[PDB]
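Each remark here refers to the structure printed beneath this line.
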């Protein structure tokens with residue numbers, strides 16, 4: 013659309029390499045604000061991890077389906093989803109963390125659920141510390157995403 017030179021295999025390889033090259037230059041508090049902003053559809057694509065997330069979101073390409081699905085959920089089901097996905101931030105699996113962030117973005121794409129839950133999500137994301145889990149796992153996760161979603 014705007015800003016991919018080549019295919020998504022190249023894009024994922026290249027952006028995952030940029031994340032590993034730059035993740036030490038990004039302060040944790042700034043990383044977490046950038047994650048919140050991505051979830052709320054105010055991406056800063058200059059943060060390579062947020063460019064990674066945006067690329068993965070685009071590759072998955074399920075925004076319309078997940079919107080319809082999330083519309084069918086009640087508040088109890090959404091609370092369950094939020095609590096379930098949030099715990100990934102405290103664990104050592106990056107794939108789950110990336111899934112959590114993207115799921116939260118889908119949920120914040122629903123204006124009722126954004127109104128109810130955006131403040132608490134912003135407050136709790138501020139307390140996470142995921143830089144080591146990104147470092148340790150991003151290259152592999154890039155390969156796993158290529159294998160699963162691309163040709």
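Numbering (the entry's author numbering), first residue to last: 13 to 163.
The C-beta atom is built at its ideal place from N, Cα and C for all residues, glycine as well.
Annotation: residue 131 to residue 107 spans about 25 Å, alpha carbon to alpha carbon. Taking each of 104, 117 and 17 in turn and checking the Cα distance to residue 153, the smallest one comes out for 104. Pairing residue 71 with residue 133 gives a Cβ-Cβ distance that is not under 8 Å.
Under the three-state reduction of DSSP output, residue 54 falls in the coil class, being neither helix nor strand. Cβ-Cβ distances below 7 Å link residue 21 to 158 and 162 in the same chain, with the five nearest sequence neighbours on each side left out; the list follows chain order. Remark: C-beta atoms of residue 98 and residue 142 do not approach each other more closely than 8 Å. For residue 78, the CB contacts under 7 Å within the same chain, skipping 5 residues up- and downstream, are 118 in chain order.
For residue 121, the three-state secondary structure derived from DSSP is coil.
Boundaries of the alpha helix (DSSP H) harbouring residue 92: 87 to 98, taken from the DSSP string.
Check the Cα spacing between residue 23 and each of 54, 64, 44 and 69: the tightest is with 64. The beta-carbon separation of residue 116 and residue 28, rounded to 21 Å, does not stay under the 8 Å limit for a contact. Contact between residue 129 and residue 94 holds, since their C-beta atoms are separated by about 6 Å, short of 8 Å. If the five residues before and after residue 125 are omitted, its C-beta is found closer than 8 Å to the C-beta atoms of 82, 90 and 119, all from its own chain and listed in chain order.
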